[PDB]
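Single-structure report; data block below.
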Amino acid sequence: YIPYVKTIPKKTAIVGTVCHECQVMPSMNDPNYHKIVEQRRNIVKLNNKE
Amino acid sequence: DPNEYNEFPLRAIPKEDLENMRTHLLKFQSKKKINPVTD
Amino acid sequence: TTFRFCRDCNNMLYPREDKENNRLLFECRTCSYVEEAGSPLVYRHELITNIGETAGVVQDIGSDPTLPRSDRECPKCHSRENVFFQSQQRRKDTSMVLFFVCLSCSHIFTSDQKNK
Amino acid sequence: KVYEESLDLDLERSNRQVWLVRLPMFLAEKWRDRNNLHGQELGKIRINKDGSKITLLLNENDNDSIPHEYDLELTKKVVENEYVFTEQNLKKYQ
Ligand SMILES: [Zn+2]
Ligand SMILES: [Zn+2]
């Protein structure tokens, strides 16, 4: 065996287990809809550099 | 809409306990089922 | 040929012979996991291969604007629309047989009259 | 003597269901900020009695700038080999 390994102890704990994986998507039938689309379209339109 | 569903409140965790504490995601890579509680 | 993979470590299972039963067993080289073989085939060399003739057919192949159209009748749904393309094998030893994909049932047939 | 706390992993909170949710840019930019998230109610989660459909309803605190209704698409109904673990420092004296 090896007499030294140089570990780094820490206080760790398991705080839950994943059971369902979800993907949030805004509903297309909301009055505020189509505002995010404009926001998303503005991402490419932006030109940060000068 | 008719009350044919179950809805529960969604609240944020207090930030007083989130300081000096980090929560990470653990992913076991294997084709079988791994359960540290029993296995 | 089918390459069975290990249950405990996912490594491939090579064939092994057990003289006690004179049967075919697939065993792992690292974790000592065994399984009874379902077929006696171990090697399949295909000098003249027909695989890949219709490779690339998808659920929306007809949406490709470059593929030519034809009026030949699909012999499974009695439809006249279809797209045809030559064999996808690029080795210069294959015939010019066509393969027609129907736009109504996604069925693949050939116009060959020699072997079909 | 170096550490006054047990170094063994704690399994007390292992039996706790957790949902892994991916959020859009606009929603994730306000929920992951440490200058917010004081424990207020950000909305409600509604589940149909028969299941197969999950939706999220936010409160009126968004300032009518983003949709108030979202559809939670279950990418994986059954998930395994996934866990959530935390870490923090240990007492150094005695
Ligand atoms: Zn193995
Ligand atoms: Zn057809």
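Residue numbers (my numbering), protein chains in the order written: chain G, 19 to 68; chain X, 1496 to 1534; chain P, 4 to 119; chain S, 218 to 311.
We treat Cβ as the ideally placed atom computed from N, Cα and C, and that holds for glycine.
What are the boundary residues of the alpha helix (DSSP H) that includes residue i?
i, result
"G:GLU56", "53-63"
"residue 3 of chain P", "With chain P covering 4 to 119 only, the question about residue 3 of chain P has no answer from this structure."
"P:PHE112", "Careful: P:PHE112 lies outside any alpha helix (DSSP H), inside the beta strand (DSSP E) at 111-113."
"S:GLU246", "242-248"
Please list the terminal residues of the continuous beta strand (DSSP E) segment that includes residue i.
i, result
"G:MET43", "29-44"
"P:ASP11", "No beta strand (DSSP E) holds P:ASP11; DSSP gives it neither H nor E."
"S:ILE264", "258-265"
"X:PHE1523", "Note, X:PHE1523: premise wrong, no beta strand (DSSP E); not H, not E."
"S:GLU299", "299-305"
"S:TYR287", "286-293"
"P:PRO78", "Looking at the DSSP string, P:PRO78 is not in any beta strand (DSSP E), and its letter there is neither H nor E."
"P:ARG93", "That residue, P:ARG93, is in no beta strand (DSSP E); it is neither H nor E in DSSP."
"X:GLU1502", "1500-1506"
"P:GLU38", "37-39"
Short of 8 Å in beta carbon distance, which residues of its chain neighbour residue i, apart from the five on each side in sequence? Order them along the chain.
i, result
"P:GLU76", "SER82, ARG83"
"P:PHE8", "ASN14, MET15, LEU16"
"S:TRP248", "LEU240, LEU254, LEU259"
"P:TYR36", "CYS9, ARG10, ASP11, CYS12, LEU16, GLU30"
"S:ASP279", "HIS285"
"P:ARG32", "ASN14, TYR17"
Rounded to whole angstroms, how far is the Cβ of residue i from the Cβ of residue j, which I believe are closer than 8 Å?
i, j, result
"S:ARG263", "S:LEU274", "6 Å"
"P:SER107", "P:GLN62", "P:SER107 to P:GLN62, Cβ: 13 Å. No contact."
"S:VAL219", "G:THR35", "Between G:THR35 and S:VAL219 the Cβ distance is about 32 Å, and since that is not below 8 Å, they are no contact."
"X:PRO1504", "S:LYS266", "Wrong, their Cβ atoms sit about 18 Å apart, outside the cutoff."
"G:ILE26", "S:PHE302", "Contact doesn't hold; Cβ gap of about 16 Å is too wide."
"G:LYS29", "S:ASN306", "7 Å"
"X:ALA1507", "S:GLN257", "6 Å"
"X:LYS1522", "S:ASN232", "So it is not a contact: roughly 19 Å between Cβ atoms."
"P:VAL86", "P:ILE51", "Not a contact, Cβ separation roughly 27 Å."
"P:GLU39", "P:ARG26", "7 Å"
If you drop the 5 nearest sequence neighbours on each side, which residues of the same chain put their C-beta closer than 7 Å to that of residue i?
i, result
"P:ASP115", "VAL100"
"P:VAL60", "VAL104, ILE111"
"G:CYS40", "none"
"P:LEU44", "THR4"
"P:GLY55", "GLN91, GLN92"
"S:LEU291", "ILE271"
"G:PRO44", "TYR51, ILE54"
"P:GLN89", "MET99, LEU101"
"P:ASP74", "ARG83"
List the residues that DSSP assigns as beta-bridge partners of residue i.
i, result
"P:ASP21", "P:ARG26"
"P:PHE6", "The partner list for P:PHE6 (beta bridge, DSSP) is empty, contrary to what the question assumes."
"P:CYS105", "P:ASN85"
"S:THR272", "S:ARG263, S:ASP288"
"S:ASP227", "G:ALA31"
"X:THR1518", "S:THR303"
"G:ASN47", "None, per the DSSP bridge assignment."
"P:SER73", "P:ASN85"
"S:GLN234", "G:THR35"
"S:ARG239", "G:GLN41"
Less than 6 Å between C-beta atoms, sequence neighbours within five positions excluded: which residues of the same chain meet that for residue i?
i, result
"S:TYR300", "none"
"P:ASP21", "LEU28"
"residue 120 of chain P", "The structure shown does not extend to residue 120 of chain P, since chain P is modelled only from 4 through 119, so no value can be given for it."
Using a Cβ-Cβ distance under 7 Å, would residue i count as near chain A?
i, result
"X:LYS1522", "No chain A appears in the structure shown, which is made up of the protein chains G, X, P and S."
Comparing the CB of residue i with every heavy atom of ligand 4, is any distance shorter than 6 Å?
i, result
"P:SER114", "As far as ligands go, the structure on display features ligand 1 and ligand 2 and does not contain ligand 4."
Taking only beta carbons into account, state which residues of the region 11-29 of chain P come closer than 9 Å to chain X, listed in chain order.
Cβ contacts with chain X: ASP11, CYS12, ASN13.
Listed from N- to C-terminal order along the chain, which residues in the region 266-281 of chain S have their beta-carbon within a distance smaller than 7 Å of any beta-carbon of chain X?
For chain X, the residues of the region 266-281 of chain S that bring a beta carbon within less than 7 Å of one of its beta carbons are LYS266, in chain order.
Can you list, in chain order, the residues of the region 1496-1518 of chain X whose Cβ is nearer than 8 Å to any Cβ on chain S?
Residues of the region 1496-1518 of chain X with a C-beta less than 8 Å from any C-beta of chain S: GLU1499, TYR1500, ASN1501, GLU1502, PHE1503, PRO1504, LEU1505, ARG1506, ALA1507, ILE1508, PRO1509, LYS1510, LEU1513, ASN1515, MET1516, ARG1517, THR1518, listed in chain order.
According to a CB-to-CB cut-off of less than 7 Å, which residues of the region 287-305 of chain S neighbour chain X?
Flagged, chain order: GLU297, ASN298, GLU299, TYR300, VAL301, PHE302, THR303, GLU304, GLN305.
Using a Cβ-Cβ cut-off of less than 7 Å, list which residues of the region 29-49 of chain G approach chain S; keep chain order.
Residues are counted here when their Cβ sits less than 7 Å from a Cβ of chain S; for the region 29-49 of chain G these are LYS29, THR30, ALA31, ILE32, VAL33, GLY34, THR35, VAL36, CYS37, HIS38, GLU39, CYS40, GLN41, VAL42, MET43, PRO44, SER45, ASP48, given in chain order.
Short of 9 Å Cβ to Cβ, which residues in the region 246-266 of chain S face chain X?
Per Cβ criterion, the list reads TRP248, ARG251, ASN253, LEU254, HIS255, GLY256, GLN257, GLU258, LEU259, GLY260, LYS261, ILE262, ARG263, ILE264, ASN265, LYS266.
Check distances from the C-beta atoms of the region 48-67 of chain G to those of chain S and list, in chain order, the residues that come in under 9 Å.
Cβ contacts with chain S come from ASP48, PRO49, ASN50, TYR51, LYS53, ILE54, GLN57, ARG58, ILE61.
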